[PDB]
Each structure stands twice: as structure tokens, then as C-alpha cells.
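Naming: A, B, ... by sequence-line order, numbering from 1 per chain. What you see below is based on every heavy atom in this structure, not just the backbone, and it leaves out hydrogens, waters and symmetry mates.
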There are 2 protein chains.
Amino acid sequence: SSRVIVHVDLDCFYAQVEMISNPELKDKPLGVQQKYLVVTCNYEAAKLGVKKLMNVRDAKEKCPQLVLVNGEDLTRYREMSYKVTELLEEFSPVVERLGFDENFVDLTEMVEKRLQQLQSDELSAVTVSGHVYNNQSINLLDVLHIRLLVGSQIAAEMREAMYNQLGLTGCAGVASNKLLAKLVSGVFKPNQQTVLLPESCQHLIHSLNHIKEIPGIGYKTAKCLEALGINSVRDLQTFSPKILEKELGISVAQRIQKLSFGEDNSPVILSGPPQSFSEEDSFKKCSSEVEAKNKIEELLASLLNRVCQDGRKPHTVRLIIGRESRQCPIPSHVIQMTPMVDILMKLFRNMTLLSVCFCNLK
Amino acid sequence: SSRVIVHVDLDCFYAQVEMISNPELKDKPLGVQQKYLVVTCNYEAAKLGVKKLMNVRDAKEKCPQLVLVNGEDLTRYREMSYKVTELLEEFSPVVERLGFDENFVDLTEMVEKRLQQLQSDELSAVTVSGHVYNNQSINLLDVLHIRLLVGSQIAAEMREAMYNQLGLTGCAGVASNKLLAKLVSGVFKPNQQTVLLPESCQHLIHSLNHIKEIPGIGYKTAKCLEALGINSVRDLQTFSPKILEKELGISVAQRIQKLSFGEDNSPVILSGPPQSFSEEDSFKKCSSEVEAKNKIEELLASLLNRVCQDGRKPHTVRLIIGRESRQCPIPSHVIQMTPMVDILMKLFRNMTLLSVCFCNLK
DNA sequence: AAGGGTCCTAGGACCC
DNA sequence: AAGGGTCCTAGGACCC
Ligand SMILES: Cc1cn([C@H]2C[C@H](O)[C@@H](COP(=O)(O)OP(=O)(O)OP(=O)(O)O)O2)c(=O)[nH]c1=O
Ligand SMILES: Cc1cn([C@H]2C[C@H](O)[C@@H](COP(=O)(O)OP(=O)(O)OP(=O)(O)O)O2)c(=O)[nH]c1=O
Ligand SMILES: [Ca+2]
Ligand SMILES: [Ca+2]
Ligand SMILES: [Ca+2]
Ligand SMILES: [Ca+2]
């Protein structure tokens with residue numbers, strides 16, 4: 001059970017999509033803004049200090065030449081996201097989406113097939129594509145090294161297909177599990193790829209500077225761990241398993257501690273079509289009357305075009321306004337607009353934000 | 001979309017299984033007891049006032065000749081339950097389990113096929129099997145009547161197969177939806193079947209004496225409705241839809257009101273294998289120390305034989321003690337006994353009853 | 001109540 | 001934070 005996983009991570013996704021549709025901006029520092037924040041920017045702005053989720057006031061101070069584009073509508077980003085995922089599904093069907101700009105692909109079966117076709121002659125000619133983490137020396141007699149290098153040839157083939165067929169650049173990380181692949185995909189960060197050989201796994205995890213940098217350890221876990229004196233990856237590695245179970249739970253304990261060692265057995269799960277369709281909208285309390293209806297009529301309006309185009313139909317609705325939410329099934333005659341409004345207004349009456357969600361698709 | 005549903009309801013299920021294994025009791029009034037209650041009894045005891053979930057002290061007062069058998073282990077009942085369900089799956093694959101002794105079967109496709117094979121000659125010879133609700137007159141030119149009578153021939157074939165192949169008696173109710181089928185299956189209650197023709201649907205629902213008798217309206221709904229002055233089925237029929245939405249919710253409102261009219265569009269859902277495996281055990285606070293471990297070791301012990309025999313493996317565990325519960329995933333090396341005990345004891349420490357549940361089967 | 005099962009809600013963590 | 005997504009917990013209703 002020696003897996004070959006690849007983590008694909010696109011560069012400044014939103015900026016890439018905007019730069020593509022308008023080539024004019026491709027040359028100047030671009031900032032995609034939602035409300036009062038530059039949520040992402042092309043790398044030109046990165047040099048000028050423009051940073052992720054940065055106030056537009058601040059962002060313009062550091063870069064007064066910034067060109068700002070609105071990214072509050074994710075229709076184009078979402079479409080490109082699934083074009084990327086489908087391209088990777090062409091390589092291997094088992095592709096896991098993480099957000100809009102990241103994908104895991106299990107290449108294990110793919111790598112084995114490519115090797116069963118080779119012979120001793122070319123097995124020595126097996127080369128690497130991209131960087132080798134920590135400049136580690138390859139050993140062509142280590143079968144795991146060869147499988148990982150083939151995994152890097154596939155990753156390079158994916159990255160070339162994305163730019164050729166979709167015009168997108170991105171990073172790739174090849175490793176033996178999802179954790180390590182995702183940690184190594186960013187070592188060389190602009191449109192580059194890296195492969196992690198087993199001997200350097202500890203070097204990689206210890207390269208992290210705080211346990212919060214481990215995928216799987218969020219804010220709550222990080223701040224709990226930070227209460228037991230744990231802070232570095234080695235602090236978690238060498239902590240007492242026994243205390244850790246009591247504070248977080250047998251589940252959280254044994255999993256994140258394994259993560260601290262670079263161990264992660266979680267499988268790459270086929271994402272498939274989405275389980276929910278939603279659309280939000282924040283504002284400075286702008287809604288405090290029945291205007292909220294017209295708002296809900298707007299969130300609703302766009303959603304219907306999406307949940308219909310999908311092909312599958314939703315059987316549950318959620319209204320959201322920490323948030324709160326009330327939900328309820330959807331009638332059958334309804335499943336086949338005016339009824340949906342009032343439905344969501346009684347969900348409202350029972351109860352700055354107005355998010356509508358269609359779930360329970362069949 | 002004119003469905004032909006059948007509701008199968010076995011008579012005194014537990015008593016039937018006990019009477020079968022021991023024929024000696026078949027002749028005397030039998031009471032299956034769990035702790036201090038006769039949960040069910042054969043019909044001989046029914047004459048003597050022995051009633052469902054009746055104190056053994058009371059039950060023995062009314063019938064001092066009662067023979068009591070322990071039914072705290074449901075292994076044999078559960079096995080027979082699935083033998084019945086599988087027998088009905090042989091007739092039509094879409095079978096829905098409700099508890100251990102009830103099944104819904106959608107006969108729509110089956111009835112249509114049987115009719116497409118007939119000719120005008122035998123269409124007039126189409127007879128009914130069992131009772132016709134309210135002694136309603138059949139009309140052999142009403143296609144829905146003919147479909148429902150064919151549904152009653154199938155139901156009679158099911159009931160004969162259960163007694164012949166499994167030795168069990170039971171009731172059958174043929175109607176156009178699950179609600180009406182289940183309400184009509186009990187009109188003639190000992191080892192008999194009834195069919196509901198559309199003209200008598202209102203007679204059936206109004207035969208009910210309180211809205212709590214409607215499947216779908218439990219205790220909470222009944223006691224809410226009872227606060228708005230609603231009590232009879234007609235009270236709910238003629239109540240304001242508008243108030244009802246506010247008090248219970250758009251979902252609960254429109255569904256139970258439809259039920260009050262005998263309308264129920266819910267589909268017969270294939271149950272398949274179970275989604276969870278559990279085993280409970282009540283006691284008079286008997287457990288207040290580490291003995292609870294030995295208990296958990298016992299609940300666990302038996303469960304493993306069940307969750308293994310299934311073929312699928314569980315990926316989540318629940319410990320229960322209104323109840324409360326803590327749950328957590330299950331390690332992989334574990335998925336393939338000593339580890340499980342302590343796992344459940346840390347679930348314990350975090351927290352009269354000790355129920356263990358295996359869920360998340362794959 | 002007994003012993004045993006459904007599915008649904010709200011909210012909770014996490015990810016981008 | 002923005003706008004948008006995962007899956008998991010605990011408890012809640014319901015059924016026999
Ligand atoms: C980290 C993070 C990212 N994002 C999303 C929203 C932005 O559009 C987008 C910007 O991050 P990215 O563009 O993905 O980060 P990057 O520009 O360094 O490129 P890469 O992905 O290869 O690292 O990520 C969040 O919404 N919330 C978050 O907490
Ligand atoms: C109504 C009800 C039944 N049961 C289960 C447990 C008993 O073993 C069993 C006894 O009821 P049944 O035997 O099913 O009822 P019955 O003897 O009148 O025959 P029929 O099913 O055809 O009506 O039902 C409950 O556990 N809780 C309940 O609230
Ligand atoms: Ca990213
Ligand atoms: Ca980047
Ligand atoms: Ca019953
Ligand atoms: Ca009965």
C-alpha cells in the first residue's frame with residue numbers, strides 16, 4: 001500500500017481567470033476584491049506587499065497603481081474550477097476537490113501501469129520532472145523513488161495540459177499521502193512542482209514553524225494545543241499521547257499526532273458533482289425590513305439557473321443569516337419561483353447576511 | 001401515477017417466534033417480557049386483558065396462568081424479520097422496513113405487468129382476495145379498482161408464502177399510498193387482509209378517533225395540535241393552513257394536513273441492509289463503577305459477532321447512557337477487541353443505560 | 001416503558 | 001474577513 005498522490009494547487013486562481021478574460025490587466029498588479037478586501041492578487045502585486053485578504057485601503061497604500069476587479073460573483077471561477085478538475089479526472093478518475101483551486105489525485109494505479117510497461121533498459125533512464133525536495137539524491141534501485149518520479153512525470157503532464165487546454169498555471173506536489181503532497185506542492189511556489197522522497201519527510205514537517213501550518217489542525221485545535229504548551233511540530237510529536245486524548249478526544253488526538261509525523265492514511269475521495277448550491281451576500285445591516293425579501297428574491301433568482309443546469313434537483317433548502325439557519329424540505333410540485341420565495345420568508349420569520357442553500361440533491 | 005402499495009403487518013411477532021421454537025406454549029397465553037413489562041403476547045392472552053407493554057405484576061393479575069418468556073435478546077426476532085423482508089423482496093425488490101414486524105412493498109409495476117398479460121375475458125373474472133374496506137361495492141370497469149384487486153391477490157400470495165415458507169401469520173393492507181395501506185391493514189386484525197378502494201378513503205381516515213392515530217403524527221405533534229384546539233381528523237382537515245405553518249413549520253404543516261385527508265406521496269424506500277448495529281441494556285442504576293467497563297465489554301462482545309457476520313465494516317462508534325451520547329471514528333488497524341474497550345471507556349470518561357452502536361458501515 | 005431502529009436539524013469543526 | 005464549500009456531532013423527532 002505505497003500510494004503516489006499528487007496535490008495540484010493553482011496560482012492566484014481568481015487573478016488568473018480575470019487576467020485571462022481581460023489580457024489588458026496581464027502586465028499590471030491585479031487585485032480581486034470582495035467588499036473591502038483584496039482576497040487575492042496576481043504575483044506582480046505580491047512583490048508590492050499586496051497580501052491575501054487585505055483591506056483595499058491598505059492594499060492601495062502599498063500599491064497605488066493596483067487595478068481592482070470585482071470578484072463577488074464566483075460564476076466564472078467556479079466554472080474554471082470544474083474544468084480543471086475534469087481535466088485531472090481524465091488522467092485518473094479519483095480526484096478530490098479542496099476549495100476552488102486545489103485537487104488531489106491518486107496516481108497509484110496509474111504509476112504502476114506505466115511501470116509494468118517499461119523494461120530494465122528504460123528503468124535506469126527514468127528521470128524526474130521538477131524539483132526534488134531538499135535536493136535529495138535519487139536512487140534508481142529504490143522502487144519507491146521510481147514510483148515517485150513517475151508520479152512527477154504525470155504531474156508535469158497534468159500541469160502542461162492545464163496551460164495548453166485551459167491556459168492556467170499552477171503547482172504540483174507528488175508524495176506518498178495527501179498531507180505530504182499538499183505540504184510539498186508549495187515549496188517552489190510559482191508555476192513549479194516538487195516531489196518528496198521518503199527520506200526527507202521529517203525534514204519537510206519540521207520545516208513547519210507552528211502546528212497551525214499542518215493541514216487538519218485549524219484554529220480551535222491550534223489554540224487548544226497551544227494551551228498544553230505545544231507549539232512546534234516536535235512538541236506535538238513528543239507530547240504524551242495520553243493527555244492529548246483527554247483534551248481533544250481519541251479521534252482528534254491520534255489523527256493530528258500522526259499528522260505531526262507526516263503520517264496520513266486518509267484516502268483521496270472522489271468529489272464528483274457538488275452536494276450543495278449556495279449564494280451569500282454581506283452588507284452593513286443594509287437589510288432590516290421586507291427589502292430582505294427582495295434580497296432573498298435575488299439570491300434565489302441566480303441559484304435557480306445553477307441548480308437547474310446541474311441536472312439533479314434539490315430536496316432541501318437552507319436560509320442563513322457564527323451564523324444561524326433554518327431549513328425544510330421542498331414540495332414535489334415545487335421541485336418541478338413564487339412559491340419558493342414565501343417558503344423562505346416563513347423560514348425567515350421564524351428567525352447583515354442572507355445566504356440561500358440548495359442541498360439534498362438527487 | 002396511481003400506485004398500488006401493500007402494508008404487511010405480522011401478528012404478535014415475538015410471540016409467533018417463541019411459539020414456533022417451543023410448540024408447547026402454542027395453546028396457553030404467552031407473554032414476551034423485557035425487564036418488568038410484557039411487551040407483547042399471543043392473542044390468547046389478548047382475550048384475558050394482557051396488553052402491550054403491561055407490567056408483569058398487572059399482567060399476571062389479569063392472567064395468572066400466563067407463561068412468560070424472556071425477549072430481551074432480539075437475535076431470533078431480528079433474524080426472522082429479515083427472512084420476512086427477503087421473502088417480500090422476492091415478489092418486488094422495493095421493500096421498506098418499519099420496525100421488525102412491518103413492511104411496505106410497492107406493487108405498482110408488479111400489478112401492471114400482471115394486467116398486461118390478461119385479456120377482456122378474465123378481466124371480468126378478476127376477483128378480490130380478502131376483505132374490501134367498508135364492504136364497498138367493486139366496479140370491474142374502474143381500472144383503479146382492478147389494479148387494487150390484483151394488489152390484493154398479490155398480498156394474499158405474500159401472506160401464504162410467509163406461512164408456508166416461514167410459518168408466520170400476518171395482516172396485509174392494499175391501498176394507493178403508504179398511509180392508507182398501513183391504516184387499512186389492521187381493519188381485520190388477526191391473520192386477515194383488507195383492500196381500500198378510493199371511494200372509501202374518507203370513511204377510513206374519519207374512522208380514526210384522534211389525530212395521534214395518524215402515522216406521522218407522534219407525541220410532540222399531537223400535543224402541539226392539541227394546543228390549537230385540534231383533536232379530530234376533521235379538525236385538522238378544516239384548520240387554517242396558515243396558522244398551522246407558523247406553529248409547526250411549513251414542512252410539518254403541509255405534510256400532516258395532507259395526511260389528515262388521506263394524501264401521502266412519500267415513496268416506498270428500499271431499506272436494504274441496516275445502517276447501524278446496536279445493543280442496549282437497562283438496569284436500576286446497577287452500574288456506578290468500573291463494572292460499567294465489564295458491561296461495555298458485554299454489549300461490545302455480542303455486537304462484534306453481528307457487525308462481522310454482516311460483511312460490511314463500521315467506521316464510527318457511539319456510546320449512549322432523554323439519553324446522551326459521544327461518538328468517534330474507528331482506527332483502520334482496529335477495523336480489522338481489547339482496543340475497542342478502552343476507546344469506549346474514554347468516550348465514557350468524557351461523560352442506568354449502556355447502549356453501544358456501530359454505524360457508518362461500508 | 002423494552003430493545004431496536006429510521007431520517008432530519010443546527011451547529012461545529014475544517015478547507016480554499 | 002469574502003464567497004463558497006466539506007463532513008461530523010448531539011440531539012431531535014419519528015417508527016415498531
Ligand atoms: C487561505 C485561504 C484561501 N482562500 C481562497 C480565496 C482566494 O481567492 C484564494 C487566494 O489564495 P491562492 O491564490 O490559492 O494562494 P496563492 O496566490 O499563493 O496561490 P496558491 O494557491 O498556489 O498558494 O484562496 C480563502 O477563501 N480563504 C482562506 O483562508
Ligand atoms: C406500538 C409499539 C410496538 N412495539 C413493538 C414491540 C413488540 O414486540 C410489538 C408488539 O406489537 P405487535 O405484535 O406488532 O401488535 P399486534 O400484536 O396487535 O399485531 P400487529 O403488529 O399486526 O398489530 O411491537 C414497540 O416496541 N413500541 C411501540 O410503541
Ligand atoms: Ca491555494
Ligand atoms: Ca501562490
Ligand atoms: Ca405491528
Ligand atoms: Ca395484532
Considering only heavy side-chain atoms of A:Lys182, the closest of D:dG11, C:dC15, D:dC16 is C:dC15
Distance below 4.0 Å between A:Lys52 side-chain N/O and C:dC16 OP1 or OP2: no
If you compare every side-chain N and O of A:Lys220 against the phosphate oxygens of C:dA13 (OP1, OP2), does one of them come in below 4.0 Å? yes
Could you tell me how far apart A:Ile321 (CD1) and C:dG11 (P) are, to the nearest whole angstrom? 8 Å
Nearest to the side chain of A:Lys35 - D:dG3, D:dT6, C:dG3? D:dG3
Side-chain ion pair, B:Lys35 and B:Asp281, N-O less than 4.0 Å: yes
Can you check whether B:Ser276 has a side-chain N or O nearer than 4.0 Å to OP1 or OP2 of C:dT6? yes
Check the distance between D:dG5's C1' and A:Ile320's CD1 and give it to me in whole angstrom. 12 Å
Rounded to whole angstrom units, what separation is found between the CD atom of A:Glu72 and the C1' atom of D:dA1? 13 Å
Could you check whether A:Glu280 pairs with A:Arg323 (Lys NZ or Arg NE/NH1/NH2 to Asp/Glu carboxylate O, under 4.0 Å)? yes
Counting heavy atoms from C-beta on, name the nucleotide in D:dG4, D:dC16, C:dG4 closest to the side chain of B:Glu280. C:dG4
Can you see whether B:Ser81 engages B:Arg97 through a side-chain donor-acceptor pair at a distance of less than 3.5 angstrom? yes
Nearest heavy atom decides the nucleotide; on that basis, is B:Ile217 or A:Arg78 closer to the 5' end of DNA chain D? A:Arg78
Inter-residue atom distance B:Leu344.CG - B:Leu354.CG, 0.5 Å rounding: 10.0 Å
How is B:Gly71 classified with respect to the nucleic acid when contacts are heavy atoms under 4.0 Å: base, sugar-phosphate, or nothing? nothing
Does B:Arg323 place a side-chain N or O at less than 4.0 Å from the phosphate oxygens OP1/OP2 of D:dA10? no
With no hydrogens and no angle check, is any side-chain donor or acceptor of A:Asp11 less than 3.5 Å from a backbone partner on A:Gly170? yes
Taking only the side-chain heavy atoms of B:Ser325 (C-beta and beyond), determine which of D:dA10, D:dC16, D:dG4 contains the nearest atom. D:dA10
Compute whether any side-chain donor of one residue and acceptor of the other, for B:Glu18 and B:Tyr77, lie under 3.5 angstrom apart. yes
Select base, sugar-phosphate, or nothing to describe what B:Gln33 touches, counting heavy atoms under 4.0 Å on all strands. nothing
Using atom CD of A:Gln327 as one end and atom P of C:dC7 as the other, report the distance to the nearest whole Å. 16 Å
Using whole Å, report how far CG of B:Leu68 lies from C1' of C:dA2. 14 Å
In whole angstroms, the gap separating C1' of C:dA13 from CZ of B:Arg326 amounts to 16 Å
Does a side-chain N or O from A:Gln34 land closer than 4.0 Å to OP1 or OP2 of D:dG3, or not? no
Closest to the side chain of A:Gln275, out of C:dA2, D:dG3, D:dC7, is D:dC7
Describe the nucleic acid contact of A:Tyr219 in one word from base, sugar-phosphate, nothing, applying a heavy-atom distance below 4.0 Å. sugar-phosphate
Heavy atoms under 4.0 Å, any strand shown: does A:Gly322 hit a base, just sugar-phosphate, or nothing? nothing
B:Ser278 vs C:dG5: side-chain N/O to OP1/OP2 distance below 4.0 Å: yes
Would you say B:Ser260's side chain and B:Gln257's backbone share a donor-acceptor pair under 3.5 angstrom? yes
Indicate, with a heavy-atom threshold strictly under 4.0 Å, whether B:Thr221 touches base, sugar-phosphate, or nothing. sugar-phosphate
Taking the side chain of B:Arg306 as heavy atoms from C-beta outward, which of C:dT6, C:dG5, C:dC16 is closest to it? C:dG5
Under 4.0 Å between a side-chain N or O of A:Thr316 and OP1 or OP2 of C:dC8? no
Any base atoms under 4.0 Å from A:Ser282, or only sugar-phosphate, or nothing? Heavy atoms, all strands. sugar-phosphate
Students often get this wrong, so: under 4.0 angstrom with heavy atoms, is B:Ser355 touching a base, only sugar-phosphate, or nothing? nothing
Sugar-phosphate, base or nothing in reach of A:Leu53, heavy atoms under 4.0 Å: base
For the side chain of A:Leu98, starting at C-beta, report the closest nucleotide among C:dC16, C:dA13, C:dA2. C:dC16
Let me know the distance between CD1 of A:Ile250 and P of D:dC8, rounded to the nearest Å. 17 Å
How many Å lie between CZ on B:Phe104 and P on D:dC14, as a whole number? 17 Å
